[PDB]
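K.L.:
make a model of this:
(5 chains)
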Amino acid sequence: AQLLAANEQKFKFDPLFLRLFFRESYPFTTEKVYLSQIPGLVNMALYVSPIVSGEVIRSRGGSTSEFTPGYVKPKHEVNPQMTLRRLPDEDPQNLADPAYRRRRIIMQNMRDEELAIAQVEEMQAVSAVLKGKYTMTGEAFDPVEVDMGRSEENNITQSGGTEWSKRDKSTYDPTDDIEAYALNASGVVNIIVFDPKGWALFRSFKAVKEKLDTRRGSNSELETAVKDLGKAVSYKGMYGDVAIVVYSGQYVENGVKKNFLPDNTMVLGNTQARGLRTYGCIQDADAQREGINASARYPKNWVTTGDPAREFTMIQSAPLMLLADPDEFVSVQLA
Amino acid sequence: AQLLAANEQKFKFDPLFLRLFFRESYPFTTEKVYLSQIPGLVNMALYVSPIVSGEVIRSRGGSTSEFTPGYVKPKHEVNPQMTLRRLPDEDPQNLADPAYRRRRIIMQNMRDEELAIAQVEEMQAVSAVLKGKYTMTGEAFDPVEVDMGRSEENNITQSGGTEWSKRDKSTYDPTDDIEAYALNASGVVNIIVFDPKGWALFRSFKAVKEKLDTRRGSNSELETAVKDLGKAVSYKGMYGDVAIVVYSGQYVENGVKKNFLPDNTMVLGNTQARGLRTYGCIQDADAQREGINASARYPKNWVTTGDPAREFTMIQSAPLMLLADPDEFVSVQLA
Amino acid sequence: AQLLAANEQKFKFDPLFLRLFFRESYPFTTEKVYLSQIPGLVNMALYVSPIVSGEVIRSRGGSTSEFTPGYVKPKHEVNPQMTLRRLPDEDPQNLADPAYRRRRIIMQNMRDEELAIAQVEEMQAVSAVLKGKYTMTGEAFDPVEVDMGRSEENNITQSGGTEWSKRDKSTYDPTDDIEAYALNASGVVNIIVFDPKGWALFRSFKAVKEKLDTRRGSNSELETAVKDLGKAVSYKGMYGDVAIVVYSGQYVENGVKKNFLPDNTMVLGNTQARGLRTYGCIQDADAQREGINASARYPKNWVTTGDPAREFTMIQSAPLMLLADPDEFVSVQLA
Amino acid sequence: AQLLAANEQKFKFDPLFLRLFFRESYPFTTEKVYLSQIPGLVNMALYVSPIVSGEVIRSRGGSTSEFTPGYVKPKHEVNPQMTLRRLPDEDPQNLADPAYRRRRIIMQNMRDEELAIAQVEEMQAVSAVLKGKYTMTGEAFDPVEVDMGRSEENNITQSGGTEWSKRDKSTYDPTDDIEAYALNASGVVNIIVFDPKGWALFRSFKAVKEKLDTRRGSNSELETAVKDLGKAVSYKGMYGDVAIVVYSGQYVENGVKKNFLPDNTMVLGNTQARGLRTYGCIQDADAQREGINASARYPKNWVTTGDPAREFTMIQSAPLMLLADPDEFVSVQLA
Amino acid sequence: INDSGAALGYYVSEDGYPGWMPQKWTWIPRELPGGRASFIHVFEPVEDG
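P.N.:
Numbering: from 1, shown residues only, chains lettered A, B, ... in the order given. Coordinates below:
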């Protein structure tokens, strides 16, 4: 059992979703998300006559304001019985210390913990901006469908009508489809991040390959983001006007591993779409009596006396991240 | 209700228009803009004989001296009912204080306010140097067209005759068109800032891509400006003689977001073009009896007693920024 | 402008609805009613095996948890220009005092105010337990239908089939219909409160008049309730097993007066039916910064400086009282 | 964790079964019920000759003395994270206190607890005096059938032969059946409490409706009992000689609610039938070392340190209430 | 105080400097039983109570 302050990572490397589209964090002192409580977009046009001023403007009463945040509280043991991750030859005598082994093993345990919540949050993000629906579900828990409201024109499919696979691999240009799906996106699209084989049949067209610019032509901080997360986001290059990226991230589930992304999917939208990170109550007596009922995360190291007389690291959170405008992204399944 | 002095930002990050072309601020104690009152360019050649001296030289009587400044006075509430933007772990106990929550929420509110007036001012700027016309308009207000006087040769179009899209993507050099549009610009052009797809079809020509220098070759403080505003201005590089930039700024309107820039447009001109920031009267009793009738901006925090018994932050301004020489920039719609 | 504590009535005389069926008050710190948040009836049967114990039991997630409380905030003036209600000869010299006139006139004003909100709340109650539907409506406000879920067998009609008017006035006994409508009421009925002519044609049958006991036979505190509110609830007597009451309450609307009760209606149910008094946010800066965001009522006396330079008494509330079990009462329109 | 003495209710409102028929409590220091140990009815006739006296008389050795009491020990949390039941406007500042919230929430929790054990005990009672069989059962526990010994003539059925539904609704008198089932009841019957539709088809006969007296004619304290529990026991009136009651009590099980009573059933017997409330051991170290091994109920408030580091309210009991004379009541299923 | 008015103790709210500390009320008796002057509360009362 070590203090709360032993929670230093400086490792925030989420794959460009919770850090770039979903910056809009709202931890609450209350259980649910109350979209009426969030101001979101403000009623933002009307003025008043040059004699007096008008009424009082409020948070404009969101129609649906009741969903259950994913209160996730996992834990692990940091029992000093293992040989640990030994960074090359930094004096294993301190590993021989139970104190250093226990502290850096709580380091390792907790980092596994937040990357676990981060990967489940990224699955929530990919569900969110791929269908507008999120499955708040788990065993011994009712499945609540949390819908931002993704429209039908945001779910139009490439296989409908003519498929890119069922097209000329040399002369056909899918740019026409690119603006066709981008027009009904309530904004400009500046990233065309694909799943791998989706980008494969996208680039199979020649027009794509002599239309794209392999050069840097550094447009924004997206190159810096790729250099940071050189793991699963791949900056293919410029398609001229728009940036071409491929995400091949993978989640390692209970017995097997598989990619986050489905077979062939796309979301057309902006890099500055508004993403909410509403956070529920944290059900920990420590959190309430020290005021961490409204926060992002909560770690603790703590000893059980009695039957499971041991010591554990416990991580608690409650995210219900969504997208403010589901119509911002057009979600297309590809050929 | 907090004092006037609680208006500290040190955040002036306008996108290179009101800070680089339109430095020429003229807040007035009078309602309208009186271009005859502004000296502008001074009658600046004649001398007198070596015996005596001549007559008195004045501000040379601008022909049109009557336009309505955009007196913009929005407001918001800073009601201490929200959980606020929590910068990472700087003692949320002070957020628990109504005093600190209220002061940093008036900070947040007012900063939203000046960035709102800044973005509407940038829309005014883009209208101004893209057509020479500005729409001083709003509901319950007559639409006044404020024209600097952009000439026809400053509005000549690329689609007229032969389009760059309707040209050889490999051998054609658009530099010829570059000096063709630059010659009738009343000066030298040293920035070729495009909107994204405009620069896309500009660079689609090979001659462009082996004529441009990707290197820094740091010419001026424009690199410093890009490093400051790494958001929406993108320093593509050197085209040799001239700098290549792309602006992809976006305004987030009442229900949707969209780019400031039209589809394919260009303005050819200097970085030192003269831009006026005439400012009208500020209609606030506080402003008049303390002499802020002639200024840039005015904040206040103030309580309403009675029916809307609440407390608000109010921001008031009246810009009518224009360009001294509309002929300085040639405005071209691209292929 | 007098302090908050000058709000002493000790006059709670609501007509047996908000005090006897709808005791179940739930003022919230949040705008809407969240029936999922209210525990209501608790999942209340299952035990666990004599080895260990089971899972955690929650508030069992009400299906619909979003309705708009009737945030009612009226006001009046207490301008010391009137001669007031002079209780017989208690020294009118203090009425001659502006201080005493103003304080007892704010007394009179505010009491009118809570009896106004009480009478509108009683109209809400009569709509609620007469059809299960409530019209949350007003000009410049969308009409929300708030439905508890009154079933069809709770809305079966006496005119259907054979009417009591179309029956033998001497030999027919409406007791058969009494248990016929009481059986599908999810409980025992112990008050048969009628509207006046409804009870008139009920008692027109002889069997009723020699079956009813005019005697006191004091069953419960309902006699005490009638003695308290001797105005519009009339304890007719005993019908033997069940109590016979008649409500003839009247509301005095904008230009005219008329009874609360429709022509001929009945609700069959218990005296201990569960009634919720969910209360929304109170939109008053005073209420928020002193924590009266979650309460029943809020008075204030307050001066306006400027154009309406006067002084007013303001009353604010937000009730959305409903019935937990709409099936508890069978609502019948009579012959 | 609060002391044992914080267990004050003064709320004993069981529905006339455990308080009127089953007063005969026998908490033991031993696990099972030992009917041989209970004296029950005493051998109560023989005297001795007027010379000397006879042998020693014992508890007359009950034949079956081994059944498993329903040791029920549920619990709940009283975590101070909820807003609680707010009785109208008694100073919510004390609810703001964690001390007052925690104490009155343990009040609420524990009262839910004993009413839970009371409702399961009432289901045991209704099984007992409706068939003489009780199912001592639960998951991870063998189902023991505890039989008082209800005889066949105590289980004779109305549907056998001629049904009351299959009779004249006007001229047939079910009083003949009333004494027919009452004669083999080992005593006089003075309550004819029905389930609702059972009483409905009972009273459908005219002879019933002009034979019954709706008047009070207050016979005993049963009117007082109905006035106390005006919830689910309904004193229909006098049938002349006998009292007519209807029980419509309901239990709210794991996901749904339904009446205690089956569709159409009756038990004919006395109001003074002998009911045993044998109580087993209480398996709580606190209870043993302070001598509450032989008692009715045991509450406690207690903190867990370690993995479930929380605080709970725990209620423990072990009832095995039965009827001394199963032949006292004739159990009839109706038409 | 009691019904007779005898000043038993006091509820000291927490300091408010800087202008953003919350107030918490702490118990302080007026004097110790042995006559020790712990909380010297000297004020001039114009009337009783």
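K.L.:
quick one: furthest residue from the center of the chain?
P.N.:
You didn't say which chain, so I picked chain A. Among residues of chain A, the one most distant from the C-alpha centroid is residue A:51; the distance is 48.4 Å, by C-alpha atoms, centre = their mean.
K.L.:
that's the other chain; I wanted chain E
P.N.:
Of all residues in chain E, residue E:20 has its C-alpha farthest from the mean position, at 23.1 Å, by C-alpha atoms, centre = their mean.
K.L.:
tell me which element that one is part of?
P.N.:
According to DSSP states H and E, residue E:20 maps onto no helix or strand at all.
K.L.:
for it, which residues are in contact?
P.N.:
Applying C-beta atoms under 8 Å, 6 or more residues apart in numbering or on different chains to residue E:20 gives the contacts B:94, B:97, B:99, B:100. Quick note: C-beta positions are derived from backbone N, CA and C, even for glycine.
K.L.:
buried residues of the helix or strand where the third one lies, list them for me.
P.N.:
With the criterion set as DSSP H and E, the secondary-structure element containing residue B:99 is helix B:98-131. Using 16 or more other C-beta atoms under 10 Å in any protein chain shown as the test for burial, helix B:98-131 gives B:99-110, B:113-114, B:116-126, B:128-131.
K.L.:
can you tell me which of the residues you listed are up against chain E?
P.N.:
When contact is defined as C-beta under 8 Å from any C-beta of the partner chain, the buried residues of helix B:98-131 meet chain E at B:99, B:100.
K.L.:
okay, residue A:136 and residue C:56: tell me how far apart.
P.N.:
Per C-beta to C-beta, to the nearest Å, residue A:136 is found 17 Å from residue C:56.
K.L.:
show me which of those two is the more surrounded one.
P.N.:
residue A:136 (16 against 9; other C-beta atoms under 10 Å in any protein chain shown).
K.L.:
so who does residue 14 touch?
P.N.:
Assuming you mean chain A. Contacts here follow C-beta under 8 Å, 6+ apart; on that basis residue A:14 touches A:118, A:121, A:122.
K.L.:
sorry, I should have been clearer: chain E.
P.N.:
Residue E:14 neighbours (C-beta under 8 Å, 6+ apart): E:21, E:22, E:23, E:24, E:25, E:26.
K.L.:
any of those residues buried? List them.
P.N.:
Buried among the contacts of residue E:14 (16+ other C-beta under 10 Å): none of them.
K.L.:
what would these look like in CSV with distance to residue B:215 and secondary structure?
P.N.:
Below are these laid out as CSV (distance: C-beta to C-beta, whole Å; DSSP: H, G, I helix; E, B strand; the rest coil):
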residue, distance to residue B:215, secondary structure
E:21, 57, coil
E:22, 58, coil
E:23, 63, coil
E:24, 63, coil
E:25, 69, coil
E:26, 69, strand
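K.L.:
excluding its backbone neighbours, what's nearest the closest residue to chain D within the stretch 101-250 of chain A?
P.N.:
Nearest residue of the stretch 101-250 of chain A to chain D (C-beta to the nearest C-beta) works out as residue A:142 at 11.5 Å. Computed as C-beta to C-beta, 6 or more residues apart in numbering or on different chains, the closest residue to residue A:142 that is not its neighbour in sequence is residue C:61, at 6.8 Å.
K.L.:
does residue A:224 count as helix, strand or coil?
P.N.:
helix (DSSP: H, G, I helix; E, B strand; the rest coil).
K.L.:
next: residue A:134.
P.N.:
Going by three-state DSSP: residue A:134 is strand.
K.L.:
correct me, but it touches residue A:322?
P.N.:
Yes: counting by C-beta atoms under 8 Å, residue A:134 sits close enough to residue A:322 to count as a contact (6.9 Å).
K.L.:
these two: which has the busier surroundings?
P.N.:
Between residue A:134 and residue A:322, counting by other C-beta under 10 Å, residue A:322 is the more crowded of the two (26 against 23).
K.L.:
quick one: name the residues of chain E near chain C.
P.N.:
Residues of chain E lying near chain C (C-beta under 8 Å from any C-beta): none found.
K.L.:
which residue is nearest the centroid of chain E?
P.N.:
Centre-most residue of chain E, counting by C-alpha atoms, centre = their mean: residue E:10, 3.1 Å.
K.L.:
the closest residue to chain D within chain A: how many residues sit nearby?
P.N.:
For chain A and chain D, the shortest gap (C-beta to the nearest C-beta) falls at residue A:304, measuring 3.1 Å. By other C-beta under 10 Å, 17 other residues sit near residue A:304.
K.L.:
beta partners of it?
P.N.:
residue A:310 (DSSP bridges).
K.L.:
wait, isn't it in contact with residue A:310?
P.N.:
Yes: with contact defined as C-beta under 8 Å, residue A:304 reaches residue A:310; the gap is 5.4 Å.
K.L.:
any chance you could map the helices in the stretch 1-150 of chain A?
P.N.:
A:93-96, A:98-131 (DSSP state H, counting those that start in this stretch).
K.L.:
which elements pack onto the shortest one?
P.N.:
Counting by 3 or more C-beta pairs under 8 Å, 6 or more residues apart in numbering or on different chains; DSSP states H and E, the packing neighbours recorded for helix A:93-96 are helix A:98-131.
K.L.:
next one: stretch A:260-274 to chain centre, how far?
P.N.:
11 Å (C-alpha atoms, centre = their mean, to the nearest Å).
K.L.:
list the buried ones in that stretch?
P.N.:
A:260-261, A:264-274.
K.L.:
picking up where we left off before, excluding chain neighbours, what is closest to the residue farthest from the centre of chain E?
P.N.:
residue B:97 (3.8 Å).
K.L.:
over to residue A:85?
P.N.:
In space, residue A:85 is closest to residue A:108, 6.2 Å off (C-beta to C-beta, 6+ apart).
K.L.:
from residue A:82, how far off is the one you found?
P.N.:
In terms of C-beta to C-beta, residue A:108 sits 10 Å off from residue A:82.
K.L.:
so residue E:10: helix, strand or coil?
P.N.:
Taking three-state DSSP, the label given to residue E:10 is strand.
K.L.:
so it makes contact with residue E:30?
P.N.:
Yes: with contact defined as C-beta under 8 Å, residue E:10 counts as touching residue E:30 (7.1 Å).
K.L.:
common neighbours of those two, please.
P.N.:
E:39, E:41.
K.L.:
what's the nearest residue to residue 48 if we skip its chain neighbours?
P.N.:
You didn't pick a chain, so chain A it is. Per C-beta to C-beta, 6+ apart, closest to residue A:48 is residue A:54, 4.4 Å.
K.L.:
wrong one, chain E
P.N.:
residue E:5 (7.6 Å).
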